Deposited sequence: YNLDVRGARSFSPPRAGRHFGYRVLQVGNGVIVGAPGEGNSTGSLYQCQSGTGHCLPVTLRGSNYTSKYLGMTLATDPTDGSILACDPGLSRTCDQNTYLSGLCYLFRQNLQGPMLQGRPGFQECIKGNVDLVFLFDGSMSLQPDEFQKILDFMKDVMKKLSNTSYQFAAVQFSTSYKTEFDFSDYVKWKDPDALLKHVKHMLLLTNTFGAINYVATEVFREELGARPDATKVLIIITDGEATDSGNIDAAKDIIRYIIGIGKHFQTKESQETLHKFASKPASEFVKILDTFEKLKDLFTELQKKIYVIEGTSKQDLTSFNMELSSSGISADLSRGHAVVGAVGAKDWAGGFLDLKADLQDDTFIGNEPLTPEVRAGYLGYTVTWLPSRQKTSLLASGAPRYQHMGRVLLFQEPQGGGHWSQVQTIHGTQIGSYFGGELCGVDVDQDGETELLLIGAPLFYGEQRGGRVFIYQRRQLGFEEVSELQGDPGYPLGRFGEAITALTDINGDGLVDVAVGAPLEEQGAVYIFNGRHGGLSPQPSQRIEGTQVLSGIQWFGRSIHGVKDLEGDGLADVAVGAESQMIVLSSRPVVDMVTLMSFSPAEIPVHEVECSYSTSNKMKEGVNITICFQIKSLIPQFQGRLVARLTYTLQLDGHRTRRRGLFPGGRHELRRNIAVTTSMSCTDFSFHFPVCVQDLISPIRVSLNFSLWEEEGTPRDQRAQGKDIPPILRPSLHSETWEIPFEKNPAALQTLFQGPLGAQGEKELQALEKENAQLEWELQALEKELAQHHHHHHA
């Protein structure tokens, strides 16, 4: 009931576009505003200084690429203050195919501070024409049967990839390195059995660095049969750690898979030693096999991944959404698995990821856009959850609930919540709420902003966590009379803005005339079904539009007021202050 509308402040840069204010984020010393581009303009982040009233564009140093999508995804970790910005606009061509994935930036300290970047769910381009090099271990540590099973794997791979545009070469390495056959030697025979006829076990050390450098400089050459218009691919097979040191910088341009095999890679610490020889993410390009007989089962994984109609990660649109909790980041990948969707569990340095999708993969989950939303639901005594909406599922939409890996375990899918109205975008906005601040997140708020009927547009449903799962207990009711107003497009927990110790919630309805924001105070037992305040956009600014498209509020500690709330709009970003009054 108490947000001082009369003292509203508006922010806007002189060159701002319409989608300035698409995402607002309050980090002490001001506001972060996302500004995805429009037309041929690129996207940008804006640091808005609290005192100056000036919003300034953020320069990403070391950023090699920036698209129209920058500022479409903004998130922050309340536990450690980190800021994650993503750019789901990394588009490239692979033959006649276009790929679409994201580029995510993490600001551990602030925007002015050190930046990390990675490419979640990024598929390297394997063209139709590939020059593949086998680099296999000939070390003294290999039993003559194991070394044989390594040659059998190389032959079986080439046997599978005859009658393709793949051309092969093989190099044994130990202490030194020997080309067993060149690319032209594969052109003149296509005989994996007669090419390896002359190979002899070297029975010496394992020098991987010099071996990879050997393959970079000496093996990929035109006079040796290497097509310059072809994708370079290197497959390393080794049974132990490397006996030299250095760098493979000369081989950076090459796609590198590496296969560690056997007892020498039982410890996780020895597995991570292989990471530096291979490409990123390590989860994709590093294969650890505990036995040598598992080289035969491996064909499905390592033949297949190396004019599509069916897609895996090529059009993943990774990073179209994010959430951060307790040093753990997830980004959603709506385009994964033929737009079935899913999310990516990111390594803290953004150099590796893990994809979690629908299970099972049915025709019904396709084009569902799972991962359009992602929200952490942490708790201390109860297990922490991740809710992800698939707002397009069966044209109605649904929300899936995933449980953090427990003990040794992996992610499990623990509940499904289906929508009942087509095109309603049920699950297009999610918000976790912990009303009374006990460290346990009891409430899952689900938006259906395109819900139609009964003379009000959009709905917000309230689900409470029970022993079995999340139960629908209530609904946040917005005012009727705006059947297309998109009530529920934005839902955020506001901290506590009336000083009663109970967390309050704001809901944006950006299409109700020129936009509105509903404040819902927290009560004992849940949230108040009825709003205590409705802020029209027309009050704050005369020409304003889409007021409430994005909301973020925090207890701010420099300045007068209980809490500060930043509400985005068309070309505008607005700050409101909570007051005891």
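Asks: Walk along the deposited sequence from position 1 and note every stretch that has no C-alpha coordinates.
Replies: Comparing the full sequence with the modelled residues, the uncovered ranges come out as 307-315, 591-795.
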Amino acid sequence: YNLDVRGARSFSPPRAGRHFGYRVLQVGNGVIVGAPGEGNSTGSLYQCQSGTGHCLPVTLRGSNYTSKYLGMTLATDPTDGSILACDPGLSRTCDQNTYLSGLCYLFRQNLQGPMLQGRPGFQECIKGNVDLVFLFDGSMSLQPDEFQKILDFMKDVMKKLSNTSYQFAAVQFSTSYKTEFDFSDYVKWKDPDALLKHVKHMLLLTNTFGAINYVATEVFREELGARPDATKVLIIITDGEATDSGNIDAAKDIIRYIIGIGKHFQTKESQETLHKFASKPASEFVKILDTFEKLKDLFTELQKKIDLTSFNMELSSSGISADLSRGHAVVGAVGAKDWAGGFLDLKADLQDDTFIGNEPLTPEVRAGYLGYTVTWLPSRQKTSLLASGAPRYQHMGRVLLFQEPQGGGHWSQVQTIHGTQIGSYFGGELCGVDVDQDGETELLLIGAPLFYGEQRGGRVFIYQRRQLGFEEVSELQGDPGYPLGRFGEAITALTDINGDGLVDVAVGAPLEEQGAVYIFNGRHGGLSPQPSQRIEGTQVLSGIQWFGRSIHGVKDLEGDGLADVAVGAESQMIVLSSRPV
From here on, numbers count along this sequence of modelled residues.
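Asks: For the stretches 154-162 and 466-474, which has the higher mean C-alpha B-factor as given in the deposited record?
Replies: Mean C-alpha B-factor is greater for 154-162.
Asks: I need to verify one thing: averaged over C-alpha atoms only, is the B-factor higher for 285-293 or for 326-334?
Replies: Higher mean C-alpha B-factor in the PDB entry: 285-293.
Asks: Sorting 207, 184, 394, 318 by Cα temperature factor from the record, which one lands on top?
Replies: So the option with the highest C-alpha B-factor is 184.
Asks: Out of 517, 70, 33, 544, which residue has the highest Cα temperature factor in the PDB record?
Replies: Top of the list by C-alpha B-factor: 544.
Asks: C-alpha B factor of residue 431, ranked within the chain: lowest, middle or highest third?
Replies: CA B-factor rank for residue 431: lowest third.
Asks: Give the position of residue 573 by CA B-factor within its chain, expressed as the lowest, middle or highest third.
Replies: It belongs to the middle third of the chain when residues are ordered by C-alpha B-factor.
Asks: Where does residue 92 sit by CA temperature factor within its chain: lowest, middle or highest third?
Replies: CA B-factor rank for residue 92: lowest third.
Asks: What third of its chain's C-alpha B-factors does residue 525 belong to: lowest, middle or highest?
Replies: Top third by C-alpha B-factor.
Asks: Could you place residue 301 in the lowest, middle or highest third of its chain by Cα temperature factor, using the values in the record?
Replies: As the PDB entry reports it, the C-alpha B-factor of residue 301 lands in the highest third of its chain.
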